[PDB]
Amino acid sequence: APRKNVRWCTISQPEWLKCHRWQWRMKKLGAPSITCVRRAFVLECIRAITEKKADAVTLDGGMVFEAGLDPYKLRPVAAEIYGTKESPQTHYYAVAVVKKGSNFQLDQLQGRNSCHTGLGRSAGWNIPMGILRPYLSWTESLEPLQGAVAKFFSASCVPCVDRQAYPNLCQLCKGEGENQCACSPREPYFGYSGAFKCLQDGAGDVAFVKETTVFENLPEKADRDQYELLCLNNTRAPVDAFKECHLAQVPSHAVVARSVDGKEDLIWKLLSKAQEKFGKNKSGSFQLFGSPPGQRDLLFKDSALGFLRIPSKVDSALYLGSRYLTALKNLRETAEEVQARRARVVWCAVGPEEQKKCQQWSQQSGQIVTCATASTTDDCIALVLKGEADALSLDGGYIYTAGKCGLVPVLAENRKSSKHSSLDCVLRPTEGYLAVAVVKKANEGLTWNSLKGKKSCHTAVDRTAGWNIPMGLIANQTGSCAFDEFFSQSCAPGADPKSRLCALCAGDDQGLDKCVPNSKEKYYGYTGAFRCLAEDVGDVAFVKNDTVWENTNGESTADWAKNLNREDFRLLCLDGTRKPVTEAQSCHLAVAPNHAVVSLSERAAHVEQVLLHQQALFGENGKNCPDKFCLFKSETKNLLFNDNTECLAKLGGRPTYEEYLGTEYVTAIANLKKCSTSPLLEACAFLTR
Ligand SMILES: [Fe+3]
Ligand SMILES: [Fe+3]
């Protein structure tokens, strides 16, 4: 069928034929009958695909990133697998291959002839240029990179460049006719091997290629031993020592398809069956991962064992990884712009209201703190993986996801204490907060033991006291993963907007975005949960202790908590009794870890540095708080930080999420999690890799 076939996109007659030989072998196996388009630019292929004129193609990391941009947004469908049948790996190393007997190092590269695989590609041009930057004498505003690189080398075949402006580059490029220095295998020195031919044929003093490149064009040592490698160590090594002598680790070439309505399924099925029948050493007739003698890397990357499935949730950007993304981005930013992104912290605001507060925070801070905004926490977390943000404050249950993704508790919010007026906040330990089940006193029938079939208000799907504790407890009493079945109706923003759990959620004044895991939805979070129990919409509210005192008895001016009588509420203890919120020192469901500031490791030190500055300006004893901007005061709407917070306190050592949340706790989250995985939870599992 038109969409039961996967039209694969070639970029050269030779590549074009390999596919058709594949079409024949894939037919007798009865599967998505592959279709095969032809073109000449690895870019034009991206166009066709994006233009629904093609389906998929395989691009090197660089390309992937490029392909993933707004003009045409493609997605890494499947990663290629490298290594050996027994030691598979999905990333590679960019290496500086040189000849033996050359008394030159990496810092002595000025004015020499170099060979690059292709423009933009990773190992062949990206990484090398990232390494050399310093010795580039680049005026980002006076000229491009191809500019300074041009004067940096005496001549280097760098296919895809425009010799017009920079000819000493394509100068060394083999092949005649303006056809020379092309961006498709059309150009002999273009590619991985093409870059070797370039150092083999005497054209350069060094070629930038992957680790096994040398090994693929020279099977007999005697031959290989005459090629060395350039360590960043400023020393040389044998091509067998790449693991110790390499420029950098980069992600493997993947195969992309369209972002939406992009035949992801038919492609993947088609990739596994091709792998099985013509994988590395499956048939002699046709070799999928091997290309015929003469040319190389046709279609897929030669000598690649298999394909690892990409979670339909990691975009180009997430795929490529954080560090590599950064190296890549910075290749379009001046040394001035990049040093700005480094020194400023970028909080991630969860919602339109919270984004508004950060904008203000930003402003008052003098622009030391800028804002990036997501529609949900899982989204702000994804964002931190993109280095597009820096940190944000997370609740226990959320830290988990963030912790599982590789983030780290930087500073923890500390509330007011009972003992010390001495030890200063930043230095005192967290006493954690209590989880409670609130209900209106005027409901004497309801007890912990009679909660089923009731309506419920939770802070949010996946929050500590709002969900993880309650469903944790209700779960080990039924062994059931079902939640659409314990409460006749409830409001747990986050969950499937069609389940009994989103029935009681209302949303903004206008009625939109019901059950949205951000303040937008009104019965959202610690306060929206209680507002929910207060308004009689549901029967018991699952929230933290102080939450009750914070909206009862004239503490909050929220026109819905104005008249609330504190005693008018009751806690549901676990015995099966109900107590008054005053004696909740013995009627809570459990102790939870304070929400804390997660962030990226490489930013941990910095973020914790800046926040100690901000907090000082607008916190309890701050200097610019009362009058200019109070960081922790949201008018009982708990934005950015818990109102009831006294300060961002430090934490001994470099604790991990498990060390912070709690193994016992962490396990409980894990188990409950077993009932369901997050698309961002799956992504990070693979990501971690
Ligand atoms: Fe590559
Ligand atoms: Fe919480």
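Heads up, chain A uses Swiss-Prot numbers, so what you see runs 20-708.
The backbone N, Cα and C atoms fix where each Cβ goes, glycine too.
In this structure, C28 (disulfide bond) is part of a beta strand by DSSP. Residues or ranges marked as disulfide bond by Swiss-Prot on the basis of experimental evidence: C28-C64 (among others).
Long-range C-beta contacts of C55 (disulfide bond), restricted to its own chain and to partners at least six residues apart, with a cutoff below 8 Å, comprise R26, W27, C28, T29, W35, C38, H39, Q42. Sequence annotations record features per position, and here Swiss-Prot assigns disulfide bond to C38-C55 (among others) based on experimental evidence.
What Swiss-Prot records for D79, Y111, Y211, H272 is Fe cation 1 binding site. Counting every protein chain shown, 24 other Cβ atoms lie within 10 Å of the Cβ of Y211 (Fe cation 1 binding site).
The DSSP secondary structure for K92 (active site) is coil. Taking Cβ-Cβ distances under 8 Å and a sequence separation of 6 or more, the neighbours of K92 (active site) in its chain are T69, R277, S278, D334, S335. According to Swiss-Prot, the active site annotation covers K92.
Summarising the annotation, Swiss-Prot assigns disulfide bond to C134-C217 (among others). Taking the Cβ of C134 (disulfide bond) as centre and 10 Å as the limit, one finds 31 other Cβ atoms among all the protein chains shown. The DSSP secondary structure for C134 (disulfide bond) is strand.
Residues or ranges marked as hydrogencarbonate 1 binding site by Swiss-Prot: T136, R140, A142, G143.
Here Swiss-Prot flags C179-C202 (among others) as disulfide bond. DSSP assigns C179 (disulfide bond) to coil in the three-state reduction, placing it in neither a helix nor a strand. Less than 8 angstroms from the CB of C179 (disulfide bond) sit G137, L138, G139, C200, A201, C202, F209, each of them six or more residues away in the same chain.
Look at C200 (disulfide bond): DSSP puts it in coil. Positions annotated as disulfide bond by Swiss-Prot: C189-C200 (among others).
Applying an 8 A CB threshold to same-chain residues 6+ apart, the list for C264 (disulfide bond) reads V114, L248, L249, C250, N252, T254, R255, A256. Taken from Swiss-Prot, the feature disulfide bond covers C250-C264 (among others), and the record attributes it to experimental evidence.
Taken residue by residue with DSSP, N252 (N-linked glycosylation site) is part of neither helix nor strand, so it is coil. What Swiss-Prot lists as N-linked glycosylation site is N252 (among others).
If you look up Swiss-Prot, you'll see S278 marked as active site, nucleophile, on the strength of sequence analysis. In the shown protein chains, 15 other C-beta atoms lie within 10 A of the C-beta of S278 (active site, nucleophile). Reduced to three states, the DSSP call for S278 (active site, nucleophile) is coil.
Taking a C-beta cut-off of under 8 angstroms and a sequence separation of 6 or more, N300 (N-linked glycosylation site) has no same-chain neighbours. Residues or ranges marked as N-linked glycosylation site by Swiss-Prot: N300 (among others).
The domain 'Transferrin-like 2' annotation in Swiss-Prot covers 364-693, and the record cites sequence analysis as its basis.
Residues or ranges marked as disulfide bond by Swiss-Prot on the basis of experimental evidence: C367-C399 (among others). Applying an 8 A CB threshold to same-chain residues 6+ apart, the list for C399 (disulfide bond) reads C367, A368, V369, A391, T392, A393, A408, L411. Secondary structure at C399 (disulfide bond), taken from DSSP and collapsed to helix, strand or coil, is helix.
Counting only same-chain residues six or more apart in sequence, the Cβ atoms lying under 8 angstroms from the Cβ of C390 (disulfide bond) belong to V365, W366, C367, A368, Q374, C377, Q378, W380, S381. Residues or ranges marked as disulfide bond by Swiss-Prot on the basis of experimental evidence: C377-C390 (among others).
The disulfide bond annotation in Swiss-Prot covers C424-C703 (among others), and the record cites experimental evidence as its basis. Here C703 (disulfide bond) comes close to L404, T420, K423, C424, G425: these same-chain residues lie at least six apart in sequence, with C-beta atoms under 8 angstroms from its C-beta.
The 6 Å Cβ screen around ligand 2 retains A484 from the recorded positions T136, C264, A484, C500, ordered by sequence position. Taking the mean position of the Cβ atoms of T136, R140, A142, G143 as the hydrogencarbonate 1 site, the remaining same-chain residues with a Cβ inside 8 Å of that point are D79, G81, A113, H135, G137, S141, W144, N145, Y211, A214, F227, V228, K229. Of the candidate recorded positions, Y111, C134, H272, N495, the one lying closest to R482 (hydrogencarbonate 2 binding site) when CA atoms are compared is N495. Same-chain residues that are not part of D79, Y111, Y211, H272 yet have a Cβ within 8 Å of the Cβ center of the Fe cation 1 site turn out to be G80, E99, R140, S141, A142, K229, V269, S271, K320.
Proximity of the recorded positions (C55, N252, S278, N300, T478, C606) to ligand 1: a Cβ under 6 Å from the molecule is found for none of them. Here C592 (disulfide bond) is compared against the binding-site residues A142, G143, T478, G485, and the shortest C-alpha distance is to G485.
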